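Undergrad: PDB, C-alpha atoms, saved as work.pdb, coming up:
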```pdb
ATOM      1  CA  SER A   1     -17.713 -58.119 -59.895
ATOM      2  CA  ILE A   2     -21.269 -58.573 -61.297
ATOM      3  CA  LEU A   3     -23.165 -60.122 -58.369
ATOM      4  CA  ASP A   4     -21.877 -57.173 -56.423
ATOM      5  CA  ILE A   5     -23.197 -54.884 -59.264
ATOM      6  CA  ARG A   6     -26.447 -54.070 -57.504
ATOM      7  CA  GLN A   7     -28.476 -51.002 -58.402
ATOM      8  CA  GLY A   8     -27.478 -47.687 -56.815
ATOM      9  CA  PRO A   9     -30.527 -46.089 -55.220
ATOM     10  CA  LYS A  10     -30.802 -42.619 -56.905
ATOM     11  CA  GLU A  11     -29.537 -44.201 -60.070
ATOM     12  CA  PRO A  12     -31.466 -44.054 -63.372
ATOM     13  CA  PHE A  13     -32.182 -47.597 -64.651
ATOM     14  CA  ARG A  14     -30.252 -46.875 -67.833
ATOM     15  CA  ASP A  15     -26.976 -46.329 -65.826
ATOM     16  CA  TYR A  16     -27.397 -49.486 -63.752
ATOM     17  CA  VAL A  17     -27.619 -51.159 -67.116
ATOM     18  CA  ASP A  18     -24.651 -49.329 -68.740
ATOM     19  CA  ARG A  19     -22.552 -50.524 -65.791
ATOM     20  CA  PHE A  20     -23.923 -54.066 -65.825
ATOM     21  CA  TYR A  21     -22.818 -54.742 -69.419
ATOM     22  CA  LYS A  22     -19.482 -52.813 -69.329
ATOM     23  CA  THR A  23     -18.806 -55.064 -66.415
ATOM     24  CA  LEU A  24     -19.629 -58.104 -68.515
ATOM     25  CA  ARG A  25     -17.451 -56.828 -71.340
ATOM     26  CA  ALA A  26     -14.762 -57.165 -68.666
ATOM     27  CA  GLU A  27     -15.505 -60.846 -68.065
ATOM     28  CA  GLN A  28     -15.761 -61.432 -71.856
ATOM     29  CA  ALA A  29     -19.146 -63.100 -71.350
ATOM     30  CA  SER A  30     -20.508 -64.955 -74.323
ATOM     31  CA  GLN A  31     -23.534 -63.458 -76.016
ATOM     32  CA  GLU A  32     -25.154 -66.671 -74.644
ATOM     33  CA  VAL A  33     -24.452 -65.503 -71.085
ATOM     34  CA  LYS A  34     -25.179 -61.897 -71.737
ATOM     35  CA  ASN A  35     -28.826 -62.956 -72.439
ATOM     36  CA  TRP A  36     -29.217 -65.428 -69.636
ATOM     37  CA  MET A  37     -27.855 -62.876 -67.160
ATOM     38  CA  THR A  38     -30.463 -60.382 -68.355
ATOM     39  CA  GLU A  39     -33.461 -62.578 -67.779
ATOM     40  CA  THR A  40     -32.225 -63.454 -64.230
ATOM     41  CA  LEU A  41     -30.007 -61.105 -62.324
ATOM     42  CA  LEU A  42     -30.197 -57.649 -63.858
ATOM     43  CA  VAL A  43     -33.656 -58.039 -62.398
ATOM     44  CA  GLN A  44     -32.826 -59.361 -58.813
ATOM     45  CA  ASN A  45     -29.830 -56.916 -58.694
ATOM     46  CA  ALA A  46     -31.976 -53.841 -59.039
ATOM     47  CA  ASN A  47     -33.640 -51.378 -56.662
ATOM     48  CA  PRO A  48     -36.975 -52.479 -55.155
ATOM     49  CA  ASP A  49     -38.908 -50.077 -57.353
ATOM     50  CA  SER A  50     -37.307 -51.355 -60.551
ATOM     51  CA  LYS A  51     -37.415 -55.021 -59.672
ATOM     52  CA  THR A  52     -40.974 -55.059 -58.706
ATOM     53  CA  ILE A  53     -41.534 -53.548 -62.128
ATOM     54  CA  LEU A  54     -39.158 -55.935 -63.868
ATOM     55  CA  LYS A  55     -40.533 -58.915 -61.943
ATOM     56  CA  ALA A  56     -43.963 -57.936 -63.347
ATOM     57  CA  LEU A  57     -42.792 -57.212 -66.894
ATOM     58  CA  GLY A  58     -41.867 -60.850 -66.861
ATOM     59  CA  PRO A  59     -39.125 -62.764 -68.518
ATOM     60  CA  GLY A  60     -39.100 -62.622 -72.316
ATOM     61  CA  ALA A  61     -38.728 -58.885 -72.212
ATOM     62  CA  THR A  62     -36.424 -57.289 -74.731
ATOM     63  CA  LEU A  63     -34.129 -54.842 -73.073
ATOM     64  CA  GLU A  64     -36.123 -51.928 -74.622
ATOM     65  CA  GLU A  65     -39.357 -53.024 -72.978
ATOM     66  CA  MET A  66     -37.245 -53.286 -69.773
ATOM     67  CA  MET A  67     -35.802 -49.781 -70.003
ATOM     68  CA  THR A  68     -39.027 -48.394 -71.305
ATOM     69  CA  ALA A  69     -40.778 -49.871 -68.249
ATOM     70  CA  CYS A  70     -38.196 -48.376 -65.851
ATOM     71  CA  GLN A  71     -38.188 -44.698 -66.956
TER      72      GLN A  71
ATOM     73  CA  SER B   1     -38.364 -71.009 -64.048
ATOM     74  CA  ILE B   2     -34.916 -70.450 -62.430
ATOM     75  CA  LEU B   3     -35.139 -66.870 -61.126
ATOM     76  CA  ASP B   4     -38.264 -68.057 -59.403
ATOM     77  CA  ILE B   5     -36.213 -71.047 -58.022
ATOM     78  CA  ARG B   6     -35.518 -69.413 -54.681
ATOM     79  CA  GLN B   7     -34.565 -71.449 -51.635
ATOM     80  CA  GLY B   8     -37.374 -73.028 -49.605
ATOM     81  CA  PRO B   9     -36.954 -72.105 -45.949
ATOM     82  CA  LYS B  10     -36.759 -75.498 -44.104
ATOM     83  CA  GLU B  11     -34.943 -76.871 -47.093
ATOM     84  CA  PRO B  12     -31.482 -78.486 -46.850
ATOM     85  CA  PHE B  13     -28.993 -76.642 -49.111
ATOM     86  CA  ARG B  14     -28.353 -79.828 -51.061
ATOM     87  CA  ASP B  15     -32.053 -79.967 -52.220
ATOM     88  CA  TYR B  16     -32.153 -76.311 -53.255
ATOM     89  CA  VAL B  17     -29.188 -77.267 -55.368
ATOM     90  CA  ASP B  18     -30.648 -80.544 -56.757
ATOM     91  CA  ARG B  19     -33.642 -78.490 -57.918
ATOM     92  CA  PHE B  20     -31.563 -75.628 -59.299
ATOM     93  CA  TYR B  21     -29.644 -77.851 -61.743
ATOM     94  CA  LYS B  22     -32.537 -80.204 -62.717
ATOM     95  CA  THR B  23     -34.224 -76.985 -63.612
ATOM     96  CA  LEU B  24     -31.273 -75.984 -65.762
ATOM     97  CA  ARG B  25     -31.218 -79.401 -67.397
ATOM     98  CA  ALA B  26     -34.695 -78.309 -68.497
ATOM     99  CA  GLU B  27     -33.415 -75.142 -70.170
ATOM    100  CA  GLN B  28     -30.492 -77.113 -71.704
ATOM    101  CA  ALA B  29     -28.054 -74.538 -70.320
ATOM    102  CA  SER B  30     -24.541 -74.745 -71.643
ATOM    103  CA  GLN B  31     -21.880 -75.891 -69.220
ATOM    104  CA  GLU B  32     -20.693 -72.263 -69.726
ATOM    105  CA  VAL B  33     -23.944 -70.988 -68.198
ATOM    106  CA  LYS B  34     -24.192 -73.659 -65.596
ATOM    107  CA  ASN B  35     -20.962 -72.200 -64.063
ATOM    108  CA  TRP B  36     -21.796 -68.554 -64.420
ATOM    109  CA  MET B  37     -25.199 -69.149 -62.818
ATOM    110  CA  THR B  38     -23.476 -70.794 -59.857
ATOM    111  CA  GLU B  39     -21.170 -67.936 -59.052
ATOM    112  CA  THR B  40     -24.102 -65.433 -59.213
ATOM    113  CA  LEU B  41     -27.620 -66.535 -58.522
ATOM    114  CA  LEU B  42     -27.579 -69.848 -56.691
ATOM    115  CA  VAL B  43     -26.152 -67.510 -54.094
ATOM    116  CA  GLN B  44     -28.696 -64.545 -54.256
ATOM    117  CA  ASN B  45     -31.552 -67.126 -54.655
ATOM    118  CA  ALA B  46     -30.898 -68.770 -51.332
ATOM    119  CA  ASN B  47     -32.203 -68.386 -47.777
ATOM    120  CA  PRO B  48     -30.659 -65.568 -45.709
ATOM    121  CA  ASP B  49     -28.674 -68.020 -43.614
ATOM    122  CA  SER B  50     -27.156 -69.732 -46.646
ATOM    123  CA  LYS B  51     -26.488 -66.603 -48.640
ATOM    124  CA  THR B  52     -24.776 -64.795 -45.921
ATOM    125  CA  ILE B  53     -22.582 -67.872 -45.761
ATOM    126  CA  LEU B  54     -22.203 -68.127 -49.524
ATOM    127  CA  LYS B  55     -21.627 -64.380 -49.852
ATOM    128  CA  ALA B  56     -18.727 -64.851 -47.390
ATOM    129  CA  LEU B  57     -17.338 -68.029 -48.955
ATOM    130  CA  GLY B  58     -16.792 -65.802 -51.927
ATOM    131  CA  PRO B  59     -16.864 -66.448 -55.602
ATOM    132  CA  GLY B  60     -14.358 -69.016 -56.857
ATOM    133  CA  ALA B  61     -15.887 -71.643 -54.650
ATOM    134  CA  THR B  62     -16.226 -75.123 -56.054
ATOM    135  CA  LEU B  63     -19.659 -76.479 -55.440
ATOM    136  CA  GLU B  64     -18.239 -78.843 -52.745
ATOM    137  CA  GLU B  65     -16.856 -75.973 -50.693
ATOM    138  CA  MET B  66     -20.334 -74.400 -51.168
ATOM    139  CA  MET B  67     -22.271 -77.432 -49.953
ATOM    140  CA  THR B  68     -19.708 -78.184 -47.329
ATOM    141  CA  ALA B  69     -20.137 -74.617 -46.033
ATOM    142  CA  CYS B  70     -23.952 -74.931 -45.969
ATOM    143  CA  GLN B  71     -24.403 -78.184 -43.978
TER     144      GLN B  71
END
```
Would it be possible to restate this file's structure as structure tokens?

TA:
Amino acid sequence: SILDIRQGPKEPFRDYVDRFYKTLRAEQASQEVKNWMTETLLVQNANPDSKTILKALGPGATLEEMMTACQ
Amino acid sequence: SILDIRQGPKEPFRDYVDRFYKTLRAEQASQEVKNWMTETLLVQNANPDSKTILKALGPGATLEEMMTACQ
């Protein structure tokens, strides 16, 4: 379900996120996965604007820096 | 290191894979991650030929079916 969770185009970054995790609460993902997923895919599965941005923000970003960056 | 592990273009699928995991042996990823990563990214981080194929093969694929498909 998650790899197919790719970011809707007129979608605020927040919502893309709110989906993303509610998804993962479906697949009972460990906290250990929940992090790993963040640093990797949440990025690649986003819309070219916010992906370029999140590529640049770099890994190591807390989710706040990530959302902050994507307003 | 891994999100940046994207599939070299004249690269046999096997090698893209051999990198992928040797990477992950770097970041000591749980077996739990090692799987999750497979179903998600190893796909998206591949070259349009083998990505189309792996998108179609579907999740649930054992790595053999995946390599098999990508010869």

Undergrad: As a check of understanding, name the residues that the PyMOL selection byres ((chain B) within 12 of (chain A)) selects in the supplied structure, as a PyMOL selection string.

TA: chain B and resi 1-6+24+27-45+54-55+58-60

Undergrad: Go ahead and write the residues just picked, C-alpha atoms, as a PDB file, in the frame of the given file.

TA:
```
ATOM      1  CA  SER B   1     -38.364 -71.009 -64.048  1.00  0.00           C
ATOM      2  CA  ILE B   2     -34.916 -70.450 -62.430  1.00  0.00           C
ATOM      3  CA  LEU B   3     -35.139 -66.870 -61.126  1.00  0.00           C
ATOM      4  CA  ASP B   4     -38.264 -68.057 -59.403  1.00  0.00           C
ATOM      5  CA  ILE B   5     -36.213 -71.047 -58.022  1.00  0.00           C
ATOM      6  CA  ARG B   6     -35.518 -69.413 -54.681  1.00  0.00           C
ATOM      7  CA  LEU B  24     -31.273 -75.984 -65.762  1.00  0.00           C
ATOM      8  CA  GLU B  27     -33.415 -75.142 -70.170  1.00  0.00           C
ATOM      9  CA  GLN B  28     -30.492 -77.113 -71.704  1.00  0.00           C
ATOM     10  CA  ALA B  29     -28.054 -74.538 -70.320  1.00  0.00           C
ATOM     11  CA  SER B  30     -24.541 -74.745 -71.643  1.00  0.00           C
ATOM     12  CA  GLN B  31     -21.880 -75.891 -69.220  1.00  0.00           C
ATOM     13  CA  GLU B  32     -20.693 -72.263 -69.726  1.00  0.00           C
ATOM     14  CA  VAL B  33     -23.944 -70.988 -68.198  1.00  0.00           C
ATOM     15  CA  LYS B  34     -24.192 -73.659 -65.596  1.00  0.00           C
ATOM     16  CA  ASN B  35     -20.962 -72.200 -64.063  1.00  0.00           C
ATOM     17  CA  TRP B  36     -21.796 -68.554 -64.420  1.00  0.00           C
ATOM     18  CA  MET B  37     -25.199 -69.149 -62.818  1.00  0.00           C
ATOM     19  CA  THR B  38     -23.476 -70.794 -59.857  1.00  0.00           C
ATOM     20  CA  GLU B  39     -21.170 -67.936 -59.052  1.00  0.00           C
ATOM     21  CA  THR B  40     -24.102 -65.433 -59.213  1.00  0.00           C
ATOM     22  CA  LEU B  41     -27.620 -66.535 -58.522  1.00  0.00           C
ATOM     23  CA  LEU B  42     -27.579 -69.848 -56.691  1.00  0.00           C
ATOM     24  CA  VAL B  43     -26.152 -67.510 -54.094  1.00  0.00           C
ATOM     25  CA  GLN B  44     -28.696 -64.545 -54.256  1.00  0.00           C
ATOM     26  CA  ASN B  45     -31.552 -67.126 -54.655  1.00  0.00           C
ATOM     27  CA  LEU B  54     -22.203 -68.127 -49.524  1.00  0.00           C
ATOM     28  CA  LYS B  55     -21.627 -64.380 -49.852  1.00  0.00           C
ATOM     29  CA  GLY B  58     -16.792 -65.802 -51.927  1.00  0.00           C
ATOM     30  CA  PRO B  59     -16.864 -66.448 -55.602  1.00  0.00           C
ATOM     31  CA  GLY B  60     -14.358 -69.016 -56.857  1.00  0.00           C
TER      32      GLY B  60
END
```

Undergrad: Please compute the CA of residue 9 in chain B-CA of residue 70 in chain B distance, one decimal, in Å.

TA: 13.3 Å

Undergrad: Please write out, as JSON, where the centre of an axis-aligned box around all listed atoms of range 37-44 of chain B lies and how long its edges are, in Å to one decimal, after adding 8 Å on each side.

TA:
```
{"center_x": -24.9, "center_y": -67.7, "center_z": -58.5, "size_x": 23.5, "size_y": 22.2, "size_z": 24.7}
```

Undergrad: Please evaluate the PyMOL selection byres ((chain A and resi 13) around 8) against the structure above and give the resulting residues as a ChimeraX atom specification.

TA: /A:11-12,14-17,50,67,70-71

Undergrad: Hey, can you check how far CA of residue 66 in chain B sits from CA of residue 46 in chain B?

TA: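 CA of residue 46 in chain B lies at a distance of 12.0 Å from CA of residue 66 in chain B.
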
Undergrad: Quick one, how far is CA of residue 8 in chain B from CA of residue 22 in chain B?

TA: 15.7 Å

Undergrad: Save N, CA, C and O atoms of range 20-53 of chain B from the block above as a CSV table (one decimal), in the first residue's frame.

TA:
```
chain,number,residue,atom,x,y,z
B,20,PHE,N,23.2,-2.8,-3.1
B,20,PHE,CA,22.1,-2.6,-2.2
B,20,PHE,C,22.3,-3.2,-0.8
B,20,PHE,O,22.4,-2.5,0.2
B,21,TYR,N,22.4,-4.6,-0.7
B,21,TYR,CA,22.5,-5.2,0.6
B,21,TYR,C,23.9,-5.0,1.3
B,21,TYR,O,23.8,-4.8,2.5
B,22,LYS,N,25.0,-5.0,0.6
B,22,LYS,CA,26.3,-4.7,1.2
B,22,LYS,C,26.3,-3.4,1.8
B,22,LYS,O,26.9,-3.2,2.9
B,23,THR,N,25.6,-2.5,1.1
B,23,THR,CA,25.3,-1.2,1.8
B,23,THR,C,24.6,-1.6,3.1
B,23,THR,O,25.3,-1.4,4.1
B,24,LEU,N,23.4,-2.1,3.1
B,24,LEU,CA,22.7,-2.3,4.3
B,24,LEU,C,23.4,-3.1,5.4
B,24,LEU,O,23.1,-2.9,6.6
B,25,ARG,N,24.3,-4.0,5.0
B,25,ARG,CA,25.2,-4.6,6.0
B,25,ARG,C,26.1,-3.5,6.7
B,25,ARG,O,26.4,-3.6,7.8
B,26,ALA,N,26.4,-2.4,5.9
B,26,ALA,CA,26.9,-1.2,6.6
B,26,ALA,C,26.0,-0.7,7.7
B,26,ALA,O,26.4,-0.6,8.8
B,27,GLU,N,24.8,-0.4,7.3
B,27,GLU,CA,23.9,0.3,8.3
B,27,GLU,C,23.3,-0.7,9.2
B,27,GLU,O,22.2,-0.4,9.8
B,28,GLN,N,23.9,-1.9,9.4
B,28,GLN,CA,23.4,-3.0,10.3
B,28,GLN,C,21.9,-3.2,10.3
B,28,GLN,O,21.4,-3.6,11.4
B,29,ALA,N,21.2,-3.0,9.2
B,29,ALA,CA,19.8,-3.0,9.2
B,29,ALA,C,19.3,-4.4,9.7
B,29,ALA,O,19.8,-5.4,9.3
B,30,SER,N,18.2,-4.3,10.6
B,30,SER,CA,17.6,-5.5,11.0
B,30,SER,C,17.2,-6.4,9.8
B,30,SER,O,17.0,-5.9,8.7
B,31,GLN,N,17.0,-7.7,10.1
B,31,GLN,CA,16.3,-8.5,9.0
B,31,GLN,C,15.0,-7.9,8.7
B,31,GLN,O,14.6,-7.8,7.6
B,32,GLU,N,14.3,-7.4,9.8
B,32,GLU,CA,13.0,-6.7,9.6
B,32,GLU,C,13.0,-5.5,8.6
B,32,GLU,O,12.0,-5.3,7.9
B,33,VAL,N,14.1,-4.8,8.6
B,33,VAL,CA,14.2,-3.7,7.6
B,33,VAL,C,14.6,-4.3,6.3
B,33,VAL,O,13.9,-4.0,5.3
B,34,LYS,N,15.6,-5.1,6.3
B,34,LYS,CA,16.1,-5.7,5.1
B,34,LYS,C,14.9,-6.1,4.2
B,34,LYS,O,15.0,-6.0,3.0
B,35,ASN,N,13.8,-6.7,4.8
B,35,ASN,CA,12.6,-7.1,4.0
B,35,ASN,C,11.9,-5.9,3.5
B,35,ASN,O,11.6,-5.8,2.2
B,36,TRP,N,11.5,-5.1,4.4
B,36,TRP,CA,10.7,-3.9,4.1
B,36,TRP,C,11.3,-3.1,3.0
B,36,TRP,O,10.6,-2.8,2.0
B,37,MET,N,12.6,-2.8,3.1
B,37,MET,CA,13.3,-2.1,2.1
B,37,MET,C,13.1,-2.8,0.7
B,37,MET,O,12.8,-2.1,-0.3
B,38,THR,N,13.3,-4.1,0.6
B,38,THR,CA,13.0,-4.8,-0.6
B,38,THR,C,11.7,-4.5,-1.2
B,38,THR,O,11.6,-4.1,-2.4
B,39,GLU,N,10.6,-4.7,-0.5
B,39,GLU,CA,9.3,-4.6,-1.1
B,39,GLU,C,9.1,-3.1,-1.6
B,39,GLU,O,8.2,-2.9,-2.5
B,40,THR,N,9.9,-2.2,-1.2
B,40,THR,CA,9.6,-0.7,-1.4
B,40,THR,C,10.5,0.0,-2.4
B,40,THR,O,10.1,0.5,-3.4
B,41,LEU,N,11.8,0.0,-2.0
B,41,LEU,CA,12.8,0.9,-2.6
B,41,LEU,C,13.6,0.3,-3.7
B,41,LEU,O,13.7,0.8,-4.8
B,42,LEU,N,14.2,-0.9,-3.3
B,42,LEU,CA,15.0,-1.7,-4.3
B,42,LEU,C,14.2,-1.6,-5.6
B,42,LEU,O,14.8,-1.3,-6.6
B,43,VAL,N,12.9,-1.7,-5.6
B,43,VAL,CA,12.1,-1.3,-6.7
B,43,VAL,C,12.4,0.1,-7.2
B,43,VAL,O,13.3,0.4,-8.0
B,44,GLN,N,11.6,1.1,-6.6
B,44,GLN,CA,11.8,2.6,-7.0
B,44,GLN,C,13.2,3.0,-7.4
B,44,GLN,O,13.4,3.8,-8.3
B,45,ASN,N,14.2,2.5,-6.6
B,45,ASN,CA,15.6,2.8,-6.9
B,45,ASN,C,16.2,1.9,-8.0
B,45,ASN,O,17.4,1.5,-8.0
B,46,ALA,N,15.5,1.6,-9.1
B,46,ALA,CA,16.1,0.8,-10.1
B,46,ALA,C,16.0,1.6,-11.4
B,46,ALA,O,15.5,2.7,-11.5
B,47,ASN,N,16.4,0.9,-12.5
B,47,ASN,CA,16.4,1.6,-13.8
B,47,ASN,C,15.2,1.2,-14.6
B,47,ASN,O,14.9,0.1,-14.8
B,48,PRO,N,14.5,2.3,-15.1
B,48,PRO,CA,13.1,2.2,-15.7
B,48,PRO,C,12.7,0.9,-16.3
B,48,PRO,O,11.5,0.5,-16.2
B,49,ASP,N,13.6,0.2,-17.0
B,49,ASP,CA,13.3,-1.1,-17.4
B,49,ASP,C,13.0,-2.0,-16.3
B,49,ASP,O,11.8,-2.4,-16.1
B,50,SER,N,14.0,-2.3,-15.4
B,50,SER,CA,13.7,-3.0,-14.2
B,50,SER,C,13.2,-2.1,-13.1
B,50,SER,O,13.9,-1.6,-12.3
B,51,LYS,N,11.9,-2.0,-13.1
B,51,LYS,CA,11.2,-1.1,-12.2
B,51,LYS,C,9.8,-1.2,-12.7
B,51,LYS,O,8.9,-1.4,-11.9
B,52,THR,N,9.7,-1.0,-14.0
B,52,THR,CA,8.5,-1.3,-14.7
B,52,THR,C,8.2,-2.8,-14.4
B,52,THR,O,7.1,-3.2,-14.1
B,53,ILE,N,9.3,-3.6,-14.6
B,53,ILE,CA,9.2,-5.1,-14.5
B,53,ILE,C,8.8,-5.4,-13.0
B,53,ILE,O,7.8,-6.1,-12.8
```
